[PDB]
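Here's the letter readout for the chains.
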Amino acid sequence: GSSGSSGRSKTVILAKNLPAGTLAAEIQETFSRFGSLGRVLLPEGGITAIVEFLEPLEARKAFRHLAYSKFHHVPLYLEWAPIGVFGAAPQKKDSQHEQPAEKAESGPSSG
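Residues numbered from 1 in each chain as written, not as in the entry; some residues may be left out. Heavy atoms only, no water.

Its PDB header names solution NMR as the technique used to obtain the model.

The title assigned to this entry in its PDB record is "Solution structure of the second RNA binding domain from hypothetical protein BAB23448".

What follows covers the overall build of the protein. Counting its regular elements, the protein contains 3 helices and 4 strands. Reading the secondary structure of the protein in the N-to-C direction produces β-α-β-β-α-β-α. Its C-alpha radius of gyration of 22 Å places the protein more than 25% over the 13 Å reference for a compact globule of 111 residues. With respect to the principal axes defined by its C-alpha atoms, the protein has extents near 80 × 30 × 20 Å. (Helix = DSSP H or I, 4+ residues; strand = E, 2+ residues; numbered from the N terminus. Rg over C-alpha atoms; globule rule 2.2 N^0.38 Å.)

Backbone hydrogen bonds are what pair the strands of a sheet, in a parallel or an antiparallel way. The strand order across the open sheet built from 4 strands is β2-β3-β1-β4, with neighbouring strands paired in antiparallel fashion. The open sheet is flanked by β2 (37-41) and β4 (77-82), the only strands paired with a single partner. Between one strand axis and the next, the sheet turns through 30° on average, direction left out of account. Relative to β4, strand β1 (residues 8-16) runs antiparallel, the two sharing 5 bridges. Its bridge partner lying in β4, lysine 16 is registered against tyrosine 77. Contacts from helix α1 (residues 24-32) reach β2, β3 (49-53) and β4 within the one sheet, and its direction differs from that of β2 by about 155°. Docked against the sheet, helix α2 (residues 56-66) engages β1, β3 and β4, running at close to 35° with respect to β1. (Pairing = 2+ DSSP bridges. Axes fitted to C-alpha atoms, helices over the stretch in contact; angles between N-to-C directions. Contact = heavy atoms within 4.5 Å.)

Turning next to unusual backbone geometry. When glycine is set aside, most residues are seen to have a negative phi, and most peptide bonds are trans. With a phi close to 70°, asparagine 17 is a non-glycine residue in the positive phi region. Topologically, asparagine 17 is positioned in the loop between β1 and α1. A positive phi angle is found at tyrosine 68, which is not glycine, with a value near 70°. Within the element layout of this structure, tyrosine 68 appears in the loop between α2 and β4. Classification of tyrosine 68 by relative accessible area gives exposed; the value is 85%. (Buried < 20%, exposed > 50% of the residue type's maximum accessible area, 1.4 Å probe, protein only.)

On to the packing of aromatic side chains, then. The tally for this structure, following the rule as stated, stands at 2 aromatic pairs. Relative to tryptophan 80, the ring of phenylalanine 63 has its centre 4.8 Å away and its plane inclined at 15°; by these criteria the two rings are stacked. With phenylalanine 63 in helix α2 and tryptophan 80 in strand β4, this residue pair connects regions lying 17 residues apart in the sequence. Geometry around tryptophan 80 places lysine 10 over its ring, the cationic atom sitting 5.3 Å from the centre. (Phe/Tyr/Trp six-rings, centres within 6.5 Å; stacked < 30°, edge-to-face > 60°. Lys NZ or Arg CZ within 6 Å of the ring centre and 35° of its normal.)

What follows is the structure in structure tokens.
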């Protein structure tokens, strides 16, 4: 619940309007041209492609740059990724939730 403060991801950006010809690698590199990348997920069922940037500054740079540009034959539509895109994981405190075994003794007085 830290990214929420802003509203949306600034390092992870999505790409819409991609030709069935496009490929994960193709995208990765195409972007890597501007700067190093972190993660890259592009499903076949959905043209849309997800690309995570290791740096927020670089990510934005490419956003505006690539923005208003066509990849192959169709125009590339960059869309910022949601804070929930990746989600959140549990912390140590979670463990605390667990209950002891002694509590077992706790019982009624009579039937």
